[PDB]
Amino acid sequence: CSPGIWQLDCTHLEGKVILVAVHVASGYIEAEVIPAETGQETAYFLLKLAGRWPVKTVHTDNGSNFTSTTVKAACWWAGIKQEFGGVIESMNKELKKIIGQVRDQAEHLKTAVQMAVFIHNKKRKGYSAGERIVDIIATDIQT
């Protein structure tokens, strides 16, 4: 897979919206609890992600927040190609499993989400997802 392809999707827990991004080639993920499942929140999440990693292509479903004009504006500003229409779907299930494992270690869901992201990215198989994405991108960097 290309080092610049990401999949984004939303999942829900305890009445709150969780926006999840996965680097397809590595399995590395990032997640945020967002106050509303809107294009404004999705566009802000993408600009943060695009500043951290080389984000060239994002694949989402046709959720209204992902097709919003605000997201189109952010992707044009950051140089991100959008494509519409199971890695992230299975990742939502994996994230929810890890959240439940550590849920009692935190009062707020947002804390447990970031605990679960930590565990997912640091767990070794071997390399961890966090080690794989760093390795994949560094190899892609030209001399």
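The numbering used is simple: start at 1 and walk along the sequence shown.
Unmodelled residues of the deposited sequence between residue 125 and residue 126: 4 to 9. Deposited sequence between residue 51 and residue 52: no residues lack coordinates (chain continuous).
Mean CA B-factor, 86-94 versus 105-113: the higher value falls on 86-94. Annotation for residue 39: C-alpha temperature factor in the lowest third relative to the rest of the modelled chain, per the entry.
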